[PDB]
Amino acid sequence: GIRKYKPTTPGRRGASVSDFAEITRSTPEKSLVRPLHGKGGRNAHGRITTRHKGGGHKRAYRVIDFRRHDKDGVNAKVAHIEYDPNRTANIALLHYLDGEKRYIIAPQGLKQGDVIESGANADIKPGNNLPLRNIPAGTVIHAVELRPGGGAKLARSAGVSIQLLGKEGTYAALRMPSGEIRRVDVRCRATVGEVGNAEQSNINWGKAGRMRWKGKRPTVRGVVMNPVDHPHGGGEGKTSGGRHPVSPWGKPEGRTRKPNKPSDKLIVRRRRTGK
RNA sequence: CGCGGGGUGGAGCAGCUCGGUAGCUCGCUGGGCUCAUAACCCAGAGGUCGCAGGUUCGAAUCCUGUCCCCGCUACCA
RNA sequence: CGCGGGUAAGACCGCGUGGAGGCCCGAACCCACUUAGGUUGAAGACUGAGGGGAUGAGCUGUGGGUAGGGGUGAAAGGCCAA
RNA sequence: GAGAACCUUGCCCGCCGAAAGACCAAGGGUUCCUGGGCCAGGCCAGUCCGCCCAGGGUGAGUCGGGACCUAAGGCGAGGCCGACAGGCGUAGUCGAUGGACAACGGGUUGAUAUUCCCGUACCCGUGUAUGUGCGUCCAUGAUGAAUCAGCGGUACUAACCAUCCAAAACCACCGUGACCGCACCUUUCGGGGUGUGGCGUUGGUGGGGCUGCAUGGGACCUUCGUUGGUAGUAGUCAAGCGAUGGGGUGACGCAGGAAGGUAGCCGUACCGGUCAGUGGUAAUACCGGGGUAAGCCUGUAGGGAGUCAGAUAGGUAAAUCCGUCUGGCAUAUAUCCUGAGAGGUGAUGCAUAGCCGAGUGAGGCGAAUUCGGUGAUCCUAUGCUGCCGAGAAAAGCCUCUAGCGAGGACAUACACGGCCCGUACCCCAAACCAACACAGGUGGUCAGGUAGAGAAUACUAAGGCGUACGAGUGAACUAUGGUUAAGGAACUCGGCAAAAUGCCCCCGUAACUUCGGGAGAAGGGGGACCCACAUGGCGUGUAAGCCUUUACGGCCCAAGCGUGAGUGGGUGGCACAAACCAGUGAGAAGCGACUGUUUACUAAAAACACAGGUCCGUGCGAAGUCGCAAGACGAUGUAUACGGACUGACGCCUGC
RNA sequence: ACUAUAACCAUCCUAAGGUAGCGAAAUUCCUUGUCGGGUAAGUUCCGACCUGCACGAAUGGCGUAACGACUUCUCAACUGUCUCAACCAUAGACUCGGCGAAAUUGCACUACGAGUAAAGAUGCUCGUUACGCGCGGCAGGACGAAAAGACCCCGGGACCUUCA
RNA sequence: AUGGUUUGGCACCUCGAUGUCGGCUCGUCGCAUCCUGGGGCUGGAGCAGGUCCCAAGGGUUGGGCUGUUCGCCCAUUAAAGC
RNA sequence: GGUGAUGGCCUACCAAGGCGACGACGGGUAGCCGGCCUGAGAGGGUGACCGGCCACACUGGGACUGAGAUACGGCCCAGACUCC
RNA sequence: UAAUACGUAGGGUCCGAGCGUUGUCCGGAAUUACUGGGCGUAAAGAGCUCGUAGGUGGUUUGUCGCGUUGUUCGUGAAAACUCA
RNA sequence: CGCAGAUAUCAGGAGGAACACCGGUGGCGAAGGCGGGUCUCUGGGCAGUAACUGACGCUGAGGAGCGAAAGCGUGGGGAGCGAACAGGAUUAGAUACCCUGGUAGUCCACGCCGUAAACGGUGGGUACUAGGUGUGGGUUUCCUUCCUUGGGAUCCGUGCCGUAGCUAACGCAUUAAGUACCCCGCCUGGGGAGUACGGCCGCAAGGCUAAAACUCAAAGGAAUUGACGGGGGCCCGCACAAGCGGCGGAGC
RNA sequence: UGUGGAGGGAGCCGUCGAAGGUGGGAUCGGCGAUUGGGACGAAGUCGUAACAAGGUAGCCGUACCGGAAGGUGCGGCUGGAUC
RNA sequence: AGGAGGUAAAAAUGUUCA
């Protein structure tokens, strides 16, 4: 859930934090911990490509198994539920009965001791991973592959889920969290249930420093930049831009999806706005 | 420092010069409906955007002084 | 968190423990608000006196990266070897 | 000395003393030391010098680095991409600011010292010798295994049974492709219409034997598995090293105390010594000392950890290792590990206050060295607790087997090798960056005392400076400080600047409030010294006592040491937070919510950011961005995410 | 129905005609608006009115506790800020010794008045005044020094914007 | 008609620099005299004035508001000069 | 200790209690009663004369004297007012 | 414009050294209802429950005698009121 | 809205909300209120038995809880409906009725709010006082078909009617507004005003508590008679309709 | 026998102490530019909300909107007419 | 006796004492 801080400081007035309640262990599993280093939003050239990134608390990568293909029929038990800074969701440490230890996305309803099944002959329970050919319609799923073997791409964030609407042929229709309906090969695998830590959205981070810890550098508005820096720049006194809204590189608002894409035929219905 | 700008029946608005300026709504007058307004009928009536000048025959109409409430008047050092 | 009160159980109240905080005062440290001086300076941007922050969006060392219509910029058109 | 304010010596005085002391790094590069010099330099002079000349000087297995490890990042075989140039990047290889790794004390020189010497250690390697001593070949065991037939289950399919289905199938029905009878009606008749008997059942309907399809149950041979011994033989294993591989560790944040300790400091037993020409003070006073490391022992406080057996392939192969699962056994002042520190040893040494003469400085002798107290920002501690923002890798070490394997392990003694670079000197500065011997800047380590909360501030020790133009002189004037009658903002754009407030403990504290604050609100009172309460209380803790598992045990505890706080009484002064240090406060409005950021060098702000909000985009090598492209960031993320725009806590709202 | 305004109405145009709330505002020219408060006296400040030159709802509106080296106003205390200035010391200034620059500089035994003049004269005219040379001081002039005026214009650039 | 202080007109020196308003300080000058002084006329009874003439010796306040000059106001003054 | 006398009446110490919705503490008003007026009575209102009690004597405070003191025509102080 | 309601006259009436008015209190007012009210629509049933304090309490035996009741004593000053 | 292929029709899909018929003077609940089905958990009631305790009861100031709808917050969702809003229409004007759309909201989760014609405008408990008639739940019993919602007796409910009694009347009338007891809440003329000030609660909206000045001589309740109705029913009239002829326009 | 000694007093000091002063609050009123609503008023303006189905039945609560009555939505009541 | 639903669109006001 959520712990609302008390207003002992102005940087804590309306602030909130997670009550790390479904979490059981403060420490991660060392074998599954790869290192990480910040980039600063900078690429191989050393140049800012994505702005508003840097500083940030040090982090370490928990090796998640988004590709749960090699443990079919080999059950596991959720040994722990842990915090992952790399993602909004929490992560569940599973002990496979063959001795393999792995991390997953920690769906809702999942606790220590819950037994996780993988494969076609698995039960339709939270945390169980199956092909969509074996998952029935109207089911709530997460961590879906876009391609067989490609690994889970979809419905990975906290509180989020995908609704499997139907299967017609070798294509399963999926209502996505954005509302977009799209087709995906039934061979693609999905984890049953909805992702946990859905309370995450309702956190008030209270102060600038907290997002500086999360690695979000300050976002400056164009209207207070100079015209050399931003199209919206300039003006004596405040301005609304002096023109229609654009990016700092002058690209206007509007659809940036490349047309004539391969996914256009798999997509059934783009998401909706305003309604 | 300096520049600018439409006027028309009682009110509000239209109408650019083949030779008239007028038309709409409201208002007003007379009648009717009602026991007595509004809505109906009109014989309905109603004005020279003020004078000067046109090439004027004649200009509300075009041009200048005036006709004058007019949006913008702004010398930035 | 504990104790006590209270309750049907609570919410809640009090006492303690506990030691949070872009919390307070204030040295180092970092800044640079005011003022005086300097203004052929002691100094190509300082001194003195006060001043602000001072566990944090902190300061700092070492090493490294981004390069010119480009970088970087909590955005002043500021900085990129006076 | 030719020459002296400046050089040398001595004595005074003064300054710093979280530094103006001591040590490093970076940087500089010989500036270090000795000797000599003095036309340049030094803001004067100069006998001096960081200046000039010459000569000398930097000694490491353990320090800091390489030979060990990797991070960011860089180069980058091949490679990909790119018109060429080249951009990226894999494997790799570099790359500390980090990881790992063995040393401490004292002495010495004119200059070096964890480097040399002395003493005592430690870490790698090497050879020889010796001894315990397992092993191979001998022997020894642990051993377990392929053949056959007997039996329980695969049940080729010969088929057996059940369930389901109709390929075709008898009967009657609905009306019939058209026609063949009976019957009735219609444009004037014609080309038509209605009920039904047969034909075809175009098709559909309801009961039915049969047969043929599919599924399941059993199940011959075929075939899998347990006994029957040839064959506990062919075979394996049993020293040790063991990985370039597997696994574990290495391996990590921030804050916060508390506890135990130590250094350090203050005293003190004890030792040695002075009389510092003053009124008193000979021991009763005063001064000085009142030390000694690593390492080896020990293994305390604190902290941490279940163990044994079996099974298992998950860890590219194998694993006795790691995981995982099963059980059994334990909840232990048990065991193990870690570990400050105490104590012992190191140390019959070394060092020292001082004493002897010697006086350039060569030496020589050398006392006591107990008790407490206080007390760290250091150690235990990479701990413990808590929290979220969720906190490097690799080597190394350990282990596993694969593998190697006939010699090998361990111990002792002796003898040996331990490489390269740095090491002088300055290092908050006169030696670095600053054009200067520049009031600037420069990261880290030591952190004495008395007061004090304190690393502030004052004074001071050790130690180091008086830092390089001076001597004078009551001018104005300027600067910096100081004081000021009466008044008290009248000054002035403006209370600018100054002044004031300022500490501790008590009391008491408003509007408003987001209930946290406002608030140190405001506004007041006390504060010194002496005595007594007080041989008190508190802390500590000795002796003594008590208990015990007997030890580095515990409890208590006279004394001793330290130490407040308060009450009462008294004393003195103008004054008691006496100096230094050290909030001014209140009301109201505007702006911005706030902490922060900003125009290095005239603007710190109402500007930026901020959390929060809305909109838009993005379905994922996304969108967006750097790039010609590859590729990269985004993101090792996946719409509760990411990017862009505007707004900018919060409240009421956000109309056309 | 006194007056005043105008709840109300008519008409024209519009895509729609500014709602809530605010309002001489960081926005109000007129303007020191008017009224009130505070003051002895207040172009500032506070409150209020609304005749909004030219507020206005995320270029957010109206408020807001707390915060602010912000801005504005007031008050207490405090004071040399002032009435109104005096005194002391120190560092300079001054003197002696020593070293020893600088910007600047067409010259020079470089007066004042009233004039004249490229219209503001040390330098010209007519007069007046003035022994020569220094030292400390003040800063009225030398249109003083410095910087080939940044304002203005002309010419040319640069960067920025855009339905060039 | 004076004067040359206002707003201006001209654009004559100065754009290889003539620094601007207001205040502070220091003043100096003129008189077109605010006070003080002398006087004429008066619709000057007296007090007090009005107007004109002569007169520039001296004096000509402190505050609130405003950057302000100016102005308004407060108290005063012999007067609160231009 | 003090009183004439009991008692926090006062004091040192000790304990932490005491009062409050049955209205504490506060605010307002008021001298109380016998009685008076009204009213069928209950009740309501009132507190003049007369009589009893209390309180006060310019305001506030204080004691002294005395058997006895709010000591009107007594004292002390302070304050306001009036007068020399 | 025909006033028994105004003003005046007569006349009448109620009081009578008084008469009227005003003010205040009670009554009437069963209009805060104890005696002595009410709450469907007149004002009035809490939106409904739970339940604290409180109020209230079925049948019965015994007891206490608190309430209650009887009696007596003392007091209830005098004056008042009432009776004579 | 369509003519860019709407409406309509067929098929498929998505999603939301509400649950036709059953379903009513019916049932349950303290009230609010509760209606698709199933499961789970759970509360209350009624009858019978009379085994148990043995007056433990009733009410309940304050207080606490529950408390329709709207509304508020946060987060989802959002088909239909739909304040506001926008057009259209009507209208003298129409910020409305009507139409077309349509936002919040209605929905879910957690919480605030705490009101309503929250009404039976009727507080709770108990006892008694004529009956009739329906209906719901349960117990029994008698004709017996031994069929049996055939009837009766009784307890609990819920309705209609009707006595006595009560009531101003309307009406209530064994589900009292009767007869009586206990307890609570509330009233004391209408306005001002359930408003201000203060306080409490609340994010807010607002709620709760709750006046005074001033003002009126009434406000009110029930019922009667009339009148009236853009209420109804029945009936008439040159009233309309069907016709004929005129007036209004000319002159007099 | 003596300016003797208890003892007492003046004076002085101290506690308490009125008045006074300082301070910050509480509480009760009055005024207050402007401003809100309430009551009354001949005869004024705008509309017609309610009473008859008052011409959209009204009213309760809530919310929103609107010159004003008021309108609309949600839920509720009948103190609602016709059949 | 037995048995669906309807339509009238809008259309205001009324000085005096009474």
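Chain identifiers are assigned alphabetically (A, B, ...) following the order of the sequence lines, protein sequences preceding nucleic acid strands; residue numbering begins at 1 within each chain.
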Could you list the cluster mates of [X]? Members are the ILVMFWY residues connected by side-chain heavy atoms closer than 4.5 Å, either directly or through other members.
| X | value |
| --- | --- |
| A:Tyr103 | A:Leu32, A:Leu36, A:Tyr61, A:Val63, A:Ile64, A:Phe66, A:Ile91, A:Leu93, A:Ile105, A:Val160, A:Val195 |
| A:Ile81 | A:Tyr5, A:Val17, A:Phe20, A:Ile23, A:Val74, A:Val78, A:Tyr83, A:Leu94, A:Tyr96, A:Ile104, A:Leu110, A:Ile116 |
| A:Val140 | none |
| A:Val228 | none |

In 5'-to-3' order, the base (B), backbone-only (S) or no-contact (-) status of each nucleotide in nucleotides 390-396 of chain D, using a 4.0 angstrom heavy-atom cut-off, is BBSS---
Per-nucleotide protein contact string for nucleotides 319-328 of chain D (B base, S sugar-phosphate only, - none; heavy atom under 4.0 Å):
----BSS---
Mind checking A:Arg13 for me? I need base, sugar-phosphate or nothing, with any heavy atom below 4.0 Å counting as a touch.
base
For A:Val246, answer base if it contacts any base atom (sugar-phosphate contacts may also be present), sugar-phosphate if it contacts only those atoms, and nothing otherwise; contact means non-hydrogen atoms under 4.0 Å.
sugar-phosphate
Set of residues satisfying side chain to side chain donor-acceptor pair (under 3.5 Å) with respect to A:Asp19, sequence neighbours excluded
none
Pairing residues for A:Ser161 by the side chain to side chain donor-acceptor pair (under 3.5 Å) criterion, not counting sequence neighbours
none
Side-chain donor or acceptor of A:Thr9 under 3.5 Å from a matching atom on the base of C:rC23?
no
Can you find a donor-acceptor pair, distance only, under 3.5 Å between A:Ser263 side chain and D:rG619 base?
no
Applying side-chain contact (heavy atoms from CB on, under 4.5 Å) to A:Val268 and not counting sequence neighbours gives A:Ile181, A:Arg183
Holding to side-chain contact (heavy atoms from CB on, under 4.5 Å), I want the full list of residues that pass it with A:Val224, two or more places apart in sequence or in another chain.
A:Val220, A:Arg221
Review item, side-chain donor-acceptor pairs of residues 238-246 of chain A, under 3.5 Å, at least two apart:
unit_1: A:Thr239; atom_1: OG1; unit_2: A:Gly234; atom_2: O; d: 3.3

Whole angstrom is fine here: how far is it from NZ in A:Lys238 over to P in E:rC55?
19 Å
5' to 3' on RNA chain I, which nucleotides open and close the contacts with chain A (atom under 4.0 Å from a heavy atom)?
I:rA14 to I:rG75
Could you tell me whether D:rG41 and D:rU109 make a Watson-Crick or G-U wobble pair, using a cut-off of under 3.5 Å for both distances?
no
Charged N to carboxylate O below 4.0 Å: is that the case for A:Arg189 and A:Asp72?
yes
